[PDB]
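First comes one chain, alone, set out as structure tokens in the form solved without this ligand.
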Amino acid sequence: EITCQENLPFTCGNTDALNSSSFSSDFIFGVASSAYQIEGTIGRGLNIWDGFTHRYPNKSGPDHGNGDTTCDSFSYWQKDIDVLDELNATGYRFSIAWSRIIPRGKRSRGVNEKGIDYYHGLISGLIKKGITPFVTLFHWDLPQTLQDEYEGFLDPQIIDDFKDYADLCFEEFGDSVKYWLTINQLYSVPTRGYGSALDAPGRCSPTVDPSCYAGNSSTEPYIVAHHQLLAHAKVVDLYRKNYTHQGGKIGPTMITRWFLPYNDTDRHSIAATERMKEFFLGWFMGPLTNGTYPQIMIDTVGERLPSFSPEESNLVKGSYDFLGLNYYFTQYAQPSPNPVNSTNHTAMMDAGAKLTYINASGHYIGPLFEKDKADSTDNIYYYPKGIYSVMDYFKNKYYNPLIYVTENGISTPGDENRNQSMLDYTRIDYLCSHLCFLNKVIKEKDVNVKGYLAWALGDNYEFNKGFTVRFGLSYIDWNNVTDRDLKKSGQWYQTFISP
């Protein structure tokens, strides 16, 4: 019988008690990255994260940081491989920058051979060290040209441009890459990119944020989400019809959270909690498992919710071999009004829920996850049991899928000096406590989880935060980015992997 801790102090950093041998022999352990966050702009065209961070520097991070140079994995990809080799990792998730291989967006405009060569060399280097690549086609970095031609995922033109990009990736890299992710965190671009305008491309209703160049936060999230699902599904169909000889697997990436009632004896909070599951997870998992959006979304969102045709429904339903599930934290849910006629209405209001990290009796859900220095009542707290609850829910609700945990990690402040930054015991605690619950759910609930990739390989540009936080298991000096030095967490993870 497995017992796992939910509160500080944690004792799962002892590899005598928790290590890779606790999991099945074939289980993959590694780390993750994304292209905007690590590569730099050298050698690629411009994408909407370049555009957004440059047009709206205060939205890029408090330091106005961006991905222009970052950790320079364009130059230092071998050093990334070296970290993975030091870890004895068996997996690495990275993304392909669309703008590096097709700078002009549309494949018929030509490819960048040198960009293709960059990923060939990375892939070959990984495989030579026994590391399985997990490759994200689209980690938010849409070529700027496509956003300017037709507003990107706002328009159905995205589907064929994404398909042709993906086809090039399968053609060039699929002989070696056997695990593909289509779109990173399906929920995020619709809501943050087109709802709150916290993320690229930065569209919203005028009264939500007067700096947005255009948008409608009530309608566009739904349009974009719908196009994401269709573009994803078209790529999965292309993969499974035209690249079956490659013997690989493909799936989407979800951001997952668990949700608990703010007041577990209040029917209204219980209802809000179940609505959140539907609106947060079901928005995408309903289509992916059934070809339809959840009924509560149909009912609430009404004419703002697009319909799938019968052909589209069939294309989207079942459009995965596995799910990449990202998991960071859990929220309490309580009811909230949905003012659909307000000029500041957002899609996110349609769930009719307010989310907190403290429940009605004043209980904080778990240890600190992210401090918010401008408003401490907005601090985020984590909840290790949430990974158990999410995986159990996916198994039970969503037809026992094959799952890889494609991100899980925690930040430390960029204000810490290097010695403090390397002494990242809070990261060991977060990672181990989640791994304990992941082992527990696999054993107790028989969830088909076959790997775990911690966020992040190394310090990088963090969307929305610049270089003001660090997520890496290895440390990068922003004054001299060449080295990636394993932190205490990376050293712990090395021991966990090879105990």
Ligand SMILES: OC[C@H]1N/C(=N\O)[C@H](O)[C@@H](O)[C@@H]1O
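Residue positions are given as counts along the sequence shown, with the first one as 1.
The form solved in complex with this ligand is left out here; the points below concern that form.
- Contact with this ligand, judged by heavy atoms within 4.5 Å in the deposited complex, is confined among 385-393, 177-185, 413-421, 124-132 to 177-185.
- Comment: this ligand is not present in this chain, but in the deposited complex one of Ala271, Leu154, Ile255, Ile81 has a heavy atom within 4.5 Å of it, namely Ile255.
- The contact with this ligand in the deposited complex, taken as any heavy atom within 4.5 Å, belongs to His139 out of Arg275, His139, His226, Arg203.
- Taking the partner from elsewhere, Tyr165 is found to have every heavy atom lying beyond 4.5 Å of this ligand in the deposited complex.
- Using a 4.5 angstroms limit between non-hydrogen atoms, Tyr452 is distant from this ligand in the deposited complex.
- In the deposited complex, at least one heavy atom of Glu407 sits within 4.5 Å of a heavy atom of this ligand.
- Although the partner is absent here, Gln37 sits close enough that one of its heavy atoms falls within 4.5 Å of this ligand in the deposited complex.
- Interface residues of 450-486, taken as those with a heavy atom within 4.5 Å of this ligand in the deposited complex (partner not displayed): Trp455, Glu462, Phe463, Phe471, in sequence order.
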